[PDB]
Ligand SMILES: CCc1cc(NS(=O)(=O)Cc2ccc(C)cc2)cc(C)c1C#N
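Only one chain is included here, represented as structure tokens and corresponding to the form solved without this ligand.
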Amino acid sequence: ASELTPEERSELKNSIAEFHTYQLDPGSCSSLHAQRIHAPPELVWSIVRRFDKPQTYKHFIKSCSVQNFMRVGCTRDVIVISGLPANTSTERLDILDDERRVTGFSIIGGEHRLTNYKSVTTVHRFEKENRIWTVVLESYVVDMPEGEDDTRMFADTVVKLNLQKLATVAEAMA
């Protein structure tokens, strides 16, 4: 399910080059994750695109606040409860292309400020012999740790798990 076929990988190469390839600052790193979803890509995109409702697919979110709300440069506050004194994160919508199904955001303030976290998600339609399905790609770039508590392992784990929830939610909707 996170393991793409060679057919899928060839089809995704141009999108990876375009949206998921970062020019790194020294002291940073990037990861790319994939998730196959047995649902139509318009349905998956309808969930993914909702900047105000990350809790639908992401774990560890208490709440998300944005009022009479969606545009590039919009911000959200995500209260997360993966920290037990609940933490707030301020995130900005960097990209939103409904025709090409691309969105992304950056963490611009709050507890994980020093991470310079930036992420992009793309949604992709596959069709083989009357069967239609979806692949989601999600990549991020983050600063590497300077100063004991590196959370990049946790960042990868959570993306993986989040994408797994997205597949579950979307497949149950379909």
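Take the two forms, find the largest set of C-alpha atoms that superpose within 1.5 Å, and that set is the rigid core. The numbering used is simple: start at 1 and walk along the sequence shown.
In the record comparison, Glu129 is modelled in each of the other entries of this protein that model the residues flanking it, with no third of them omitting it. Coordinates for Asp52 are present in every one of the other compared entries of this protein that model residues on both sides of it, well short of the third needed to count it as often missing. Gap check for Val66 to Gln67: 1 to 3 deposited residues are absent from the model. The entry models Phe69 and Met70 with a gap of 1 to 3 deposited residues left without coordinates.
Checked against the record, the higher mean CA B factor of 30-38 and 110-118 lies with 110-118. In this crystal structure, the stretch out of 134-142 and 41-49 whose C-alpha atoms carry the higher mean B factor is 41-49.
Between the residues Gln164, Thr151, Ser15, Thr21, the entry's highest C-alpha temperature factor is the one at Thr151. Listed residues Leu93, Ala86, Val102, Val78 were ranked by CA B-factor as deposited; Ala86 comes out on top. The PDB entry assigns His124 a C-alpha temperature factor belonging to the lowest third of its chain's modelled residues.
Unshown form deposited with this ligand bound; subsequent notes refer to it.
Site status: open, since this ligand, placed by superposing the C-alphas around its site in the deposited complex, has no atom within 2.4 Å of backbone or C-beta atoms. Residue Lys58 is the only one of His33, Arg125, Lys58, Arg36 with a heavy atom lying within 4.5 Å of this ligand in the deposited complex. Using a 4.5 angstroms limit between non-hydrogen atoms, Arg92 is distant from this ligand in the deposited complex.
Within 4.5 Å of some heavy atom of this ligand in the deposited complex lies at least one heavy atom of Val158. Taking the partner from elsewhere, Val72 is found to have every heavy atom lying beyond 4.5 Å of this ligand in the deposited complex.
At a distance threshold of 4.5 angstroms between non-hydrogen atoms, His112 is in contact with this ligand in the deposited complex.
The candidate site formed by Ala17, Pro41 and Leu96 is entirely out of contact with this ligand in the deposited complex, as no residue has a non-hydrogen atom within 4.5 angstroms of it. Shown alone, this chain has one stretch from 102-110, 125-133, 25-33, 42-50 that lies within 4.5 Å of this ligand in the deposited complex by heavy atoms: 102-110.
Core-based superposition between this form and the one not shown leaves all of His33, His112, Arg36, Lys58 but one with CA shifts under 2 Å; the exception is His112. In summary, the C-alpha positions of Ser82 and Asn162 diverge in the deposited complex, ending up at least 3 angstroms farther from each other than in this conformation.
Relative to the displayed conformation, the Cα-Cα distance from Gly104 to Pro85 shrinks by 3 Å or more in the deposited complex.
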